[PDB]
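Chain IDs A, B, C, D, E, F, G, H, I and J follow the sequence of writing; residue 1 opens each chain.
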Amino acid sequence: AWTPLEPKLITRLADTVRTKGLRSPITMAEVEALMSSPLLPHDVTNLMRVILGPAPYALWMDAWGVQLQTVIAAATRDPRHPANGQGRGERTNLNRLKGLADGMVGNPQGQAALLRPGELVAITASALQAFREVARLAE
Amino acid sequence: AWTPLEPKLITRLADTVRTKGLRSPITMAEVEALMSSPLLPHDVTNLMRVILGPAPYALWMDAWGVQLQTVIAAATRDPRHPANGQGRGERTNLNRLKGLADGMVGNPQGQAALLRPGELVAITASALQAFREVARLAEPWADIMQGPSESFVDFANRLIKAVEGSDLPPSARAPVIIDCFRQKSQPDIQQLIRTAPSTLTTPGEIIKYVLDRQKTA
Amino acid sequence: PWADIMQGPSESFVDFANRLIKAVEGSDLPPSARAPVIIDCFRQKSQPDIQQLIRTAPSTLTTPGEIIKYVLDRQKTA
Amino acid sequence: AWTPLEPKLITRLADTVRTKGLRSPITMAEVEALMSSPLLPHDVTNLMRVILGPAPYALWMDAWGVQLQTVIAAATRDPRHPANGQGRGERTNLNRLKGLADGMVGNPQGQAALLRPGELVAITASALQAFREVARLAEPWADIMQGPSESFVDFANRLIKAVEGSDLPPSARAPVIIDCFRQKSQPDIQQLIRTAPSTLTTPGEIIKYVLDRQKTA
Amino acid sequence: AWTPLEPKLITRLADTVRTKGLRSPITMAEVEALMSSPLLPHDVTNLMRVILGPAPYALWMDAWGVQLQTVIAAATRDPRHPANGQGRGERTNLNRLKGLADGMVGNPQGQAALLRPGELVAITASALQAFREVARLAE
Amino acid sequence: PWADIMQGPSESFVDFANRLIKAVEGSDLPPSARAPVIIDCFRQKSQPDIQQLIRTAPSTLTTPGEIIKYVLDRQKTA
Amino acid sequence: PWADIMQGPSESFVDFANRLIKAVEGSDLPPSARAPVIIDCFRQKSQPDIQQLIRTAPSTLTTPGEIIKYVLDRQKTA
Amino acid sequence: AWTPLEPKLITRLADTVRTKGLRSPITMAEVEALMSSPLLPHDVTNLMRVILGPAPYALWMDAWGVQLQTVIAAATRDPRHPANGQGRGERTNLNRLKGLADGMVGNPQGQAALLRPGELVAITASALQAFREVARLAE
Amino acid sequence: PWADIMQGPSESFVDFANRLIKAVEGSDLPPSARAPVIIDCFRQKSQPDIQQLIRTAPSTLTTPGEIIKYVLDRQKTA
Amino acid sequence: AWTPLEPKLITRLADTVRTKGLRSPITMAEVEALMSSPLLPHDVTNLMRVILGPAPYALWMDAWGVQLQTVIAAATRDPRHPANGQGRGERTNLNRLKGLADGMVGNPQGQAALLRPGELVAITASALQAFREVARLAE
């Protein structure tokens, strides 16, 4: 069952990003805090939509896609990925990682249903690395 | 058994709508948060009565009715609706969706008794879409120029905001943002983008390139 | 008093509608007389540009929400 | 048996390309006309050699090669191509498509002998798409404003021309044309479109409305 | 088999429209002449693209759509339309009239294959009436 | 004479390319020596703005058509 | 003469409709040609404000009485 | 047997409508007075032809038709209408209400013969409501 | 000291590269840390014209030799 | 048995490269002279380390690697390479060509022991072509 993040925490994090900036160690610590439980693509996408401005959000979408592509290359380079399965029918496509696959587009409940925990942690680590890249790039 | 939403959360959401507005992404996130569990028509109706002003509330009632009517048309177009049943005696009328049916008018307990979970989730999704419509309606990309003294990240923020918060289809935003970066964004950056040895096919890539090679001043 | 509410020369239409609906619903009228009064106050108040905008409505508007939506669509951006 | 195209038609088409240009709809119609029967690589190659200048001819050779390579990738992705056969011995190489294979180099008769009709139609469609690409490449919508003295039909013509002859997807032209009518088209017509009692959802409808209610002057 | 109209006739008609205008009786006679054989949607569309300017072409697309919609209303009002068939499986959709149906988009050969002669004559009459409307409207 | 062709200060690039390809193909060179000559004439003629535009090409351009496409994409609109 | 009847700049619409229907019914037209003529005279006479009011009718008006009712409903009170 | 209304009363009512207007309470009282006995469609039609101008008469014909249609909808919604009968052969069509049915067109005697008293009172009430609508609309 | 080496306003790029590679290889760094340091010093030193020239590299340069070749190709002849 | 090149010849060649440059025909002739006997990877590597500056040496390492990779592609394209053998156990890896294989790293004696004469001549020709490329590139 999907539970959304508190809008109070999200508002506090947005104001933190607004006053301290993207690169302060306190901001990265707060992001790591709100990045503790494995989030669904819907959660991370809406979180970055709210806390980041338009141009940093575009940059972050780009960087997140690139990092997820690196993850999928490593996944096709190793059939023992915690997102993959043993047979070929469990291979994870980027539509399933970005939340674009069938039964997931716009629906967080179905998303949480079909996604694997390894998928969730890989998406989360990818999003964190992308946030780091964009923060280092913006300023 | 029906449990009401906390008036503390409702007060915080009302003040959020009061300060940030109806269309801010933080406000939509908060509404999605308070729209997590399937609500009864009583809950959503009182919620919109409290958080919205009078005129937005009228607009929202209209939009909610229209969306529920579309849902009921799809329901009569498919007897396998999670709100419907298999026989004809379980067909769901708009009086049952809007909470106007018998045994439901003004009573949330009876409402929660007779309603289906599919009914609840359909009502909830309809109310969310209606809220989105009214928010887009209550409050121009092709008129945006980069000022002579404005930086490029501010111009990009303003342009992406106005393009994504507009009436364009989702599949037409990236090409429009790119072609607006190329034709707006005063001729120094125009020539900087024009003389790009690589082909830039994404707003993020254009922003990165321009931020790298921009004239520090 | 609802019958003394006018749309100011510089006031937007959503503020005027909010003020009018507030004063009409928080008054001594019966519940079944609020919508017609709100409509007829939209038509006679709401300075003559919006008056003519509502008058020349190819469709018949029979609800305050519909009038508000129509006016917000076709209003003079300024 | 191979029959050459008339040099009279080719001369008329060359003069059409010389006066009207590469991108005019009349020129594309004439090319479609002379592209009616499936042509051999020799025919299309000589045709483009005659009607196109040197630099457009180089560009067209490049684009034709790229499109033929896409065709051959689709062919190796499907053994049921009308150019392919069922066994592996009928697989079609780019030397056979470009006319470079054995028994074809410089000889149109042998070319017509060994080539398949599916091969011919694929080559022809590839050449047509390459011509379209080069024409779009050889010769900005967001910078178009209605001049203070310009009429509205001239502005609409110029805007629709620049929007349809651009890099936008086909499904994004109408919304862009509408939103450019609304934000360009100096504030008298802007207010005329804004105060439209009906909702205008098509460039033709907007043009009709504005032409009806325009300020005669 | 589809045969294109001569670009010489089309060039002469375009220059006629350029000098005499859209509403002259000689121009309407020339259009009736080039509207003699039943044309495929591709032919009429390209013809109007070439002979008409951009704004008259937009107006003509609008008017042609409206007239085709009236035709389809009359067709659903009478199952004996020369474009329709007897069973319900031959009912003609606007995607088939405007050339947007499956197997027709951009391909005139397939267009000529699947289209009916009644379909062709209805499309042609609709296009002629739309041209008349736009000519009466432009000047 | 192909080796005397320069891109004028006011001339566009497609006209210069047309003139150069015409003079090179209508000359006494062997057929297998026209493309390298056209490329090396694009690089050394074609006044220093386009010279630097071709020089700083992140990709390697090995055909006159590819050079023409690249230059037409990244040319200084003026 | 019916074909010379125009709605004056200051004349109301009911007076114009009365005058036009009078002149059309008291003329040499066949009985089956009066309604279409009255409609098409409402559309082309009846100065451009009412012309545009009739033009932008979301419904199709197919009778002089219906046109009169519509115009009387949505007319610019002045 | 049909008896016409006095032209003296009709002339006085016409002058009343001419001086006082359509909406004055005295005019509505006079109309109610001349609307006392159930009138045949011929009577009401000629009365409105005489007392009303051309444009109000067109409006009144429209409104009378609409009100009669509402009456016929209520009649098909209840087989116990004083205009209807018990069997289906007495169902009242709009041609019989507007006086357009067979044996009634232009003949008031035959009209009075075939019409029911319930038909007459329904026609009369419909005409009165239509007059009220048109009077409220004209000024 | 390698971290104090800047490309002078009038110095050529091959002299700067020679000096920098000399000072980096004749220093106390481990052998496996010289190439990344030389690259990142090419990118941050080497006055902003060459900095932007390296930044806008359509290809990814992952070796000091490749960076030197690219810069020597696309450098501003002066 | 490995015999080193004379440091006197190497010093003379280094001064030749210093005064005449990399591209002079006399310099290429001198390099061809000192490239007469098949050299071990150690010899050519130290020779280029001494005669070339730091940046030309980096360029030359790159070019030598690329040319050796082309050689190894031709070798896997033909099992009759004078560096290869008949069975698959004699296939020559780039670690054996660049002197990086086991028993060769830093030891010229072991290098000369395990290397083939075909290997030596291929390495030598590759190094000569790489020197030509770098000389054409440097000036």
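We adopt the following convention: a contact is a pair of C-beta atoms (placed from the backbone, for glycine too) under 8 Å apart; a residue touches a chain by one contact, two chains touch by 3 or more.
Taking D-G and C-D together, the chain pair joined by more C-beta contacts is C-D. For the pair chain G and chain H, the distance between C-alpha centroids works out to 25 Å. Centroid to centroid, with C-alpha atoms defining each point, chain D and chain H lie 68 Å apart. If touching chains are joined by edges, the resulting network of the protein chains shown has some other shape, matching none of path, cycle, star or complete graph.
Chain pairs recorded as touching, per the definition above, are A-B, B-C, B-D, B-F, B-I, C-D, C-G, D-E, D-F, D-G, F-I, G-H, I-J.
For chain I in complex with chain B, the touching residues are 48, 52, 55-56, 58. Interface residues of chain D, counted against chain G in their complex, comprise 197-198, 212-213.
Chain contact summary for the complex, chain F toward chain D: residues 14, 17-18, 20-22, 25, 63-66, 68-69, 72.
Within the complex formed with chain F, the chain D residues making contact are 53-63, 137-138.
Those residues of chain C that touch chain D in the shared complex are 53, 56-58, 73-77.
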